[PDB]
Amino acid sequence: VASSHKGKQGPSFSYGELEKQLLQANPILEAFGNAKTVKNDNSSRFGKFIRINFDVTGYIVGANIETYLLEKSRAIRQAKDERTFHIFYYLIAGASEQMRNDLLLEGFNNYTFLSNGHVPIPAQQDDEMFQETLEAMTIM
Amino acid sequence: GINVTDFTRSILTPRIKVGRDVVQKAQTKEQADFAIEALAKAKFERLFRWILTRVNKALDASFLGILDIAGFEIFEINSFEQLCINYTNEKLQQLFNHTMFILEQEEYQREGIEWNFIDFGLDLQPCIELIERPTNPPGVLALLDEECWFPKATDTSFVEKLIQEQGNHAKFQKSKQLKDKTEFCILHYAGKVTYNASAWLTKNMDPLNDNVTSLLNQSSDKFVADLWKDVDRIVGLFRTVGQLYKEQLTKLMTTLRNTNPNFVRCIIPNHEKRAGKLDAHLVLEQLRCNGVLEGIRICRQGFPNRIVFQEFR
Amino acid sequence: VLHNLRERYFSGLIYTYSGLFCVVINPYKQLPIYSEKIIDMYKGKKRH
Amino acid sequence: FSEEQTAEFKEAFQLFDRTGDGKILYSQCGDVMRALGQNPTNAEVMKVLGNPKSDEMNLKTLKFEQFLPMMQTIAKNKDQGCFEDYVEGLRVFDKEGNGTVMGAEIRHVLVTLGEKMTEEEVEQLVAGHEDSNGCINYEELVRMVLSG
Amino acid sequence: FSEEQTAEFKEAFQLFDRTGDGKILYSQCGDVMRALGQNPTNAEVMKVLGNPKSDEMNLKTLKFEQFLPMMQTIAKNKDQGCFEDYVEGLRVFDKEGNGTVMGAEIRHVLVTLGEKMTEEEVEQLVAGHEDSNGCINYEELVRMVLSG
Amino acid sequence: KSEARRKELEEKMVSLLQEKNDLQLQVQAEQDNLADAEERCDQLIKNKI
Amino acid sequence: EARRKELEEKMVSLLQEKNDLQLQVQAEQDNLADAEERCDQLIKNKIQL
């Protein structure tokens, strides 16, 4: 909407450069700070303020997301039917064999601080969600 | 990439500090487990504070502030984490009330648009001043920003100091007999919430084996060395988490009273996580808790679109 | 009052103009109202 | 029109061709006309073209005794403005009432109103007639549009 | 080698001469080996030279048919040092692991360890590859000597 | 070469205006915080007495 | 080339202005250092009292 039309359906379209990164900001944060709970399986284990700074003529110049409290407490021991931060479960799954032995990956449940074994999520499969967030990094 | 020798040699023998010098002790099974645990989790926190600022590093006359609250979190075991959440959450009903009633009328009044001020008996500030306020009789956070620093002070005495300072306040409700566990209910709009207070002291404090930590400070990796360069704060025998959170809360929420509001009045159809499931009484409750009858009798009269009139002429 | 919000989420129509502020009932669903149809139609557009 | 100026129009026609046989695209009509001492609104032209959409606006053809009558059928004209009309009609970005005009907004009206200008069209008419704060003296912006 | 490139290899040897007398010394041999395409250990050279001291290293002459068996003997050469070995090679003095070292240590180690350099050999190589804190990042310095 | 610096100096100043307000907003705040602390100290001094 | 430099002088001005505000910020956090300190002092002071 506010941003500069790169020249110029469903979700398929050419977003602007930074405006692509505006979308891609959030899945990076949702790896590094988002965790299942009993209530929400993509819960946000940080709450945040967001800002979309518009210029003189009016386009998106800025996008300022600010964190207060990381609910870190879980990172060791989550209660019954809860998950820690997403990225963990991703890293073990979408590991490529080189960084599977570099970033030192044993399989699911070889970490004691991941409780309830490996709880699955509905309609999101951590496996590919790893690969996705890695792209999103390169876009930002 | 900290030092391998010295991680465990810290994690087992703190060459630490009693008084103002070097003191050795072997750690017990117990002392060794708990400290290493803190290290495990604390590294992920140090990581996020790096990360969100590398995000904004790529992302940043006007602006549009938006608020994703990790939010209105009534679980069973509601610790400190969940309180100060449901605090900004409490504030946020009171932001609607202070906005769509008051500041939305005061955006109307910053203009002098034909607006009859209408108030409905929905000021929540006493339940906030209960959680927020430092001196006079202290608030929930404040009493803990105090009881962080004292030895003969206890999560028990935290709630006891709260029964002490508050009592009679018509927005607070002491627990259902659990002194023994020490929990308190406060009258947040969308339900009385139970918080439990055990372990909150060391949550608003954060202590760790300062030894391993000072070596995490002197690490190899750019990440670990950026993440841990903040060693000064770790306590062995500093300004709290929550008061520094107030030194950010006012950066969240004063900017918000400089910013004209736009609202997203979010109801939960089911307490079961689910797609599609509404409950007829559950929504109806939140139609009263979020203040819909009254929220109608302001903006029912009121304007979605704004756009500057002199330009419009 | 009940009658107008109870049925409004359930009619798909989560965000409800009660004036400017829109009373929203979180569906936990891929609501179709986010697409470049709903951008290029909403693109700087007139709120009618 | 005199044969003289009409000969100049015959050329301003002749130049603008496609298959090589006295054929000008509908699209070009108003623009050629505009250079020929006229500013015919797209609405004015659309009347005397017969309401095409973008497809047959891009596809349909004129020829000279369709073009030259059109030129004339707008040219002898009804309302077409003067300074007094256009100082009010360009006080049209006065923000308080200021004798100077709104920078973003002069661009926006040009995107937002009737005869939607591109970004390109908007910027060109406006640029550098504002100051440091982006106030445009319309009293002059008027004469600029009205002569040139 | 092919008589194609061997023609060229000859030319560069001939362009190394001092007078015309056909005789590039046991000294300059090392630069001829380089300039054709090699980066010998000064040892690799000394090997095919036949272990001389400074005296007959300066006094003994070579001609091309004395040189070409030398250049040939190295060329299809044992092991060629990758980026990965080399970075770890410079990584040695990173007091922690950082990816970075002060341009003073780095200027010095190359003037004290292995096939020792002069200041001249070092400054041209290293300068302008420290940052605004006087750290040379080694990783790029390694890549620089590779693609050169 | 003389155009391109000019047109830019102009705009960057508006960015320094964005920061300019926010700095006074922090000035407003730090003078609040100070006063918060002074009133608390003023209290503790008089309560000491 | 001279019109440009007038606007350059003007830039440095607004930069200075950013700096009196950011200097007052740095005044007010140190003003507040002595303030915060005094309280936490008078709190320890109060505990004994």
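Residues numbered from 1 in each chain as written, not as in the entry; some residues may be left out. Chains lettered and ligands numbered in written order. Part of a larger assembly, values for the part shown. Heavy atoms only, no water.

Method of determination, as annotated in the archive: cryo-EM, at 20 Å resolution.

Contact with chain A, which involves 49 residues of that partner, is made by 41 residues of chain B. Three residues, A:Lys39, A:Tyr68 and A:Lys72, lead the burial of chain A against chain B; their summed loss comes to 17% of the area buried on that side. Inspection of the chain A/chain B interface yields 7 salt bridges. Here B:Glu73 ties to A:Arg45 by a salt bridge, and the two come within 2.7 Å at their closest N and O atoms. Applying the counting criterion to the chain A and chain B interface returns 24 residue pairs in polar contact. Grouping the constituent residues of the side of chain A that touches chain B by class yields 26 nonpolar, 11 polar and 12 charged. As defined by bridge partners, strand β3 (residues 46–54) of chain A adjoins strand β3 (residues 65–66) of chain B across 2 bridges and the pair is classed as antiparallel. Counterpart to A:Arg51 in the pairing with β3(B) is B:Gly65. (Contact = heavy atoms within 4.5 Å. Buried area = accessible area lost by both parts, 1.4 Å probe. Salt bridge = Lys/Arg side-chain N within 4 Å of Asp/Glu carboxyl O. Polar contact = N/O pair within 3.5 Å; in protein donor to acceptor, adjacent residues only side chain to side chain. Nonpolar A, V, L, I, M, F, W, Y, C, P; charged D, E, K, R; others polar. Pairing = 2+ DSSP bridges. Helix = DSSP H or I, 4+ residues; strand = E, 2+ residues; numbered from the N terminus.)

Turning our attention to the interface of chain C and chain A. Opposite the 8 residues of chain C that make contact, chain A presents 9 residues. Of the roughly 590 Å² buried between chain C and chain A on both sides combined, carbon and sulfur atoms contribute 55%. If you sort the residues of chain C by the area they bury against chain A, C:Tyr28, C:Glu36 and C:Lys43 come out on top, with a joint share of 65%. Linking chain C to chain A there are 3 residue pairs in polar contact.

Let's shift gears to a nonpolar patch on the surface. Taken together, B:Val264, C:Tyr15, C:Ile33 and C:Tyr34 make up a surface patch of nonpolar side chains, about 370 Å² in accessible area. Relative to the elements of secondary structure, C:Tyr34 occurs in the loop between β2 (22–25) and α2 (36–40). (Patch = residues over 30% accessible without salt bridge, like charges linked within 9 Å, V, L, I, M, F, W, Y side chains within 5 Å. Areas by Shrake-Rupley, 256 points an atom, 1.4 Å probe, with all protein chains shown as cover.)

To continue, consider the packing of aromatic side chains. Residue and element names in this part refer to chain B. Per the stated rule, a full pass over the model turns up 28 aromatic pairs over all chains. Between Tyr87 and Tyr245, the ring centres sit 6.3 Å apart and the planes meet at 85°, which makes this aromatic pair edge-to-face. Taking relative accessible area as the criterion, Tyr87 reaches 0% and is therefore assigned buried. Consider the rings of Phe158 and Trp200, whose centres lie 5.4 Å apart with planes at 40°: the pair is tilted. In this pair, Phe158 is assigned in helix α6 (residues 155–165) and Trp200 in helix α7 (residues 200–205), connecting sequence segments 42 residues apart. An identical accessibility class is assigned to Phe158 and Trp200; each is buried. Pairwise contacts between aromatic rings join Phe80, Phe158, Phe184, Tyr195 and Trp200 into one cluster. (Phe/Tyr/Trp six-rings, centres within 6.5 Å; stacked < 30°, edge-to-face > 60°. Buried < 20%, exposed > 50% of the residue type's maximum accessible area, 1.4 Å probe, protein only.)

The biggest cluster of nonpolar side chains holds 58 residues, and the ones touching the most others in it are B:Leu83, B:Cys84, B:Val140, B:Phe158, B:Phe184, B:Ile186 and B:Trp200. Once residues lying within four places of it in the same chain are set aside, the contact partners of B:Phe184 are B:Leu83, B:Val140, B:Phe158, B:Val159, B:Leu162, B:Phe172, B:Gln173, B:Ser175, B:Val193, B:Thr194, B:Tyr195 and B:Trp200. Listed in part, the 40 residues of the second largest apolar core include A:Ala35, A:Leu70, B:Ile11 and B:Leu216. (Core = buried A, V, L, I, M, F, W, Y, C linked by side-chain atoms within 4.5 Å.)

The next subject is the sheet that holds strand β4 (residues 172–174) of chain B. Residues and elements named next belong to chain B. Across the sheet, 3 strands lie side by side as β4-β5-β6; this open sheet has antiparallel pairing. Since the sheet does not close on itself, it has two edges, and those belong to β4 and β6 (193–196), each with one partner. On average, adjacent strands in this sheet sit at an angle of 30° to one another, irrespective of strand direction. Pairing of strand β5 (residues 183–186) with β6, which is carried by 4 bridges, proceeds in the antiparallel orientation. Bridging from a neighbouring strand, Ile186 pairs with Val193 of β6. Contacting β4 and β5, α6 runs over the sheet at an angle of about 40° to β5. (Axes fitted to C-alpha atoms, helices over the stretch in contact; angles between N-to-C directions.)

Let us look at the packing of helix α6 (residues 83–91) of chain E against helix α9 (residues 138–146) of chain E. The angle between the axes and the distance between the axes are what describe a pair of packed helices. All names here are of chain E. Running from amino to carboxyl end, α6 crosses α9 at an angle of 135°, the nearest separation of the two axes being 9 Å. Taken together, the axes of α6 and α9 lie oblique to each other. You can see that α6 and α9 cross each other, and the crossing is right-handed. Residues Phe83, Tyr86, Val87, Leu90 and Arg91 of α6 lie in contact with α9, whose contacting residues are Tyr138, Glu139, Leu141, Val142, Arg143 and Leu146. (Parallel < 35°, antiparallel > 145°, perpendicular 65-115°, else oblique. Left-handed = near helix turned anticlockwise from the far one by under 90°.)

This model, assessed by the stated rule, comprises 68 salt bridges over all chains. The salt bridge involving A:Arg74 is made with A:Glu82; its shortest N-O contact spans 2.8 Å. Grouping residues by exposure puts A:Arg74 and A:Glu82 together as buried. A single salt-bridge network, built from bridges that share partners, covers A:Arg45, A:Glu71, A:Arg74, A:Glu82 and B:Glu73.

Another point: the pairing of β6(B). Taking every second residue as pointing to the same face, both faces of β6(B) are buried, with B:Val193 and B:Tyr195 on one and B:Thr194 and B:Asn196 on the other. Where β5(B) hands over to β6(B), the hairpin turn is made up of 6 residues, of which B:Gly191 adopts a positive phi near 95°.

This next bit is on the domain arrangement of chain D. Domain boundaries assigned for chain D yield domain 1 (1–79) and domain 2 (80–148). Here domain 1 of chain D and domain 2 of chain D have C-alpha centroids that lie 27 Å from each other. (Domains from an automatic or database assignment.)

For this structure, the chain pair with the highest number of contacts among 11 pairs of chains in contact is chains A and B. Between chain D and chain F there is no contact, and the shortest C-alpha to C-alpha distance separating them is 8 Å. There is a gap between chain E and chain F: no contact, and a shortest C-alpha distance of 25 Å.

Moving on, we come to the sheet that holds strand β1 (residues 16–17) of chain C. Strand order across the open sheet formed by 3 strands is β7(B)-β2(C)-β1(C), with mixed pairing between neighbours. In the strand order of this sheet, the two ends are held by β7 (264–267) of chain B together with β1 of chain C, each with one partner. Sheet topology places β7(B) next to β2(C); 4 bridges connect them, and they run parallel. Bridge assignment links B:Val264 to a residue of β2(C), and that residue is C:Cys22.

Residue and element names in this part refer to chain E. One can describe the packing of helix α3 (residues 42–49) onto helix α5 (residues 64–75) by two numbers: an axis separation of 10 Å at closest approach and a directional angle of 135°. With respect to their mutual orientation, α3 and α5 come out oblique. For the crossing formed where α3 meets α5, the hand is right-handed. Here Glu44, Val45, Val48 and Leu49 of α3 lie close against α5, whose contacting residues are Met70, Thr73 and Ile74. Residue classes in the contact of α3 with α5 are distributed as 5 nonpolar, 1 polar and 1 charged.

Residues and elements named next belong to chain D. Relative to the elements of secondary structure, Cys29 occurs in helix α2 (residues 28–35). Taking the C-alpha atoms as reference, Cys29 lies 8.0 Å from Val45; in sequence the two are 16 residues apart. In this structure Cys29 touches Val45, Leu62, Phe67 and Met70, once residues within four positions along its chain are discounted.

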